[PDB]
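We begin with a single chain expressed as structure tokens, specifically the form deposited in one PDB entry.
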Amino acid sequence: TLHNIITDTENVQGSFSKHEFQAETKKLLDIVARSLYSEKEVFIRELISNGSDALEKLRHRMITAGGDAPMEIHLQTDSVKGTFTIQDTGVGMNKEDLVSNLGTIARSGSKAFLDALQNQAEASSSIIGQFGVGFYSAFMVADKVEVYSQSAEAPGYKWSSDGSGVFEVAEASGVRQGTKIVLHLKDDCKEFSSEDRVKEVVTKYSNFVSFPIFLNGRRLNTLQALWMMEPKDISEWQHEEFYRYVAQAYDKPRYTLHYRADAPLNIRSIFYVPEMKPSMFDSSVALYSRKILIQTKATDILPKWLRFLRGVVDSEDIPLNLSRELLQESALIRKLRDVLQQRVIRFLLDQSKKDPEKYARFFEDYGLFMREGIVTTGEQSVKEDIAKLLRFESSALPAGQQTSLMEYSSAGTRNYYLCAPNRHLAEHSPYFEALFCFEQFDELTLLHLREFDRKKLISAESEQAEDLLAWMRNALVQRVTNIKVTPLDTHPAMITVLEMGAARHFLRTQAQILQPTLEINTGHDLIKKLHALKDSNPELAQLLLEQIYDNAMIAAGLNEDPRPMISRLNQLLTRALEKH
């Protein structure tokens, strides 16, 4: 059935013809100035980053060949003339620099600058540009672009282009040291002559730019990149502020993890666990690089189960996509994710020690995420790492108290859980008579776990009544699957269930078959009464039977909402109080 036409049949005949690749410049502009980014607004991000680079370069040159203005990014909107303007007080550009850097696509003076630095210099980690195309994103939104630039040298210039394959350059007077870029906005892009709009964009992408940013004379970016500062020299109130900002929330972080590492990768990061539990009516961690936003929802840096974390991750040597809203597929990113997952797990274990009470609450609220982690990830090594966070009750421990899976195993022991709705049902299991996982998805969780600690874990799964016994089976027909006697004290009866699967598959139903078994205490003065009132008062006996049964179901946690019984109970009480 095979059909392949591919065959080694070709032979070159003759020689020569060496050619150089070329570039259709006019179309390449158009690509850059249109087809690169998801949203037009990104041109602000690009021009501010460029201005930041011009300031960073000035700062760096003055370390050594020191000189004397303030280092600032200024924005101005003109809604009437329909312009947007940005000015920096940076190194500026001479004529040669404008023709070269602005007039050549893919040429990056800032990349050249970066390559020539001592790799330890502070400018090494803060210069943003590398691709040599960002500036052309202005033509995304503008028919005319004007650049006024004064070098920090021994003549000011104006660079001008409509974005159609040509530009002009003339000498300019009255040009302040640095660079002024004026965009004559297109009709459909006039929203960028709106102050509120430009403000939105600056704070979205450029809020943590090193240098101060002014819009129409007013400072904006008062927030500092906490993730780049020394952990122990940050306050509790600053995290509170920063968390809220980056999480877009209004509560506190209940956990803060400030993780810096130069080690497997450059990592400057902060992670928060919200104080508030998430629920039925609901951002993630954001990815930055050199203080500039890449993704508000970082996709490939953390596992999926860790998405309950808010915060920030910034690497400076992470390979960026040309759009600067994506990462390139890389072994570094698959490692960073492995590193962050292990670091966050170690952090949460440390918290289960520092404050086991507090961790308990955190596992109530977010423990569903670990459970998901175990069921999803393929790596068996990792499944047992996440399983270190799980908490349950034990057969041997008391109620309301939990333990980790790593609580030893006590001699030969080489494998012991019963997933049940609640305590009372578990302690009365047939298969318990040989761990207590009361939470939902606990079964499915350990069923995917399969092993922990190389160890194992498998689903541990007088005669005066008789008439009464036989009578109740005639009243509660197809409600229970059996009725028996029991030696119970304060309770007239109790409800026990055999298969724990049958109890789950029943609470999800909002008769229902689960083969429930009702055990009766013939030492109770209610059962004693029931026996008598059987023949003495059949209609009162019926009411009292259904109550005792209902009561036992409630006490077993198999009747959470007793609304159905209230009318009938009221009737039993009046009948029962007829006497008094």
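Between two forms, the rigid core is the largest collection of C-alphas that superpose within 1.5 Å. So that there is no doubt, residue numbering starts at 1 and follows the sequence shown.
What follows is about the form deposited in another entry, which we do not show.
Fit the rigid core and compare the CA positions between this form and the one not shown: of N216, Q401, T104, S79, just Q401 moves by 2 angstroms or more. Remark: with the core as the superposition reference, the CA shift of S164 between this form and the one not shown stays below 2 Å. When the rigid core is held fixed, the Cα atom of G373 travels 2 angstroms or more between this form and the one not shown. After superposition on the rigid core, the Cα of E236 moves by less than 2 Å between this form and the one not shown.
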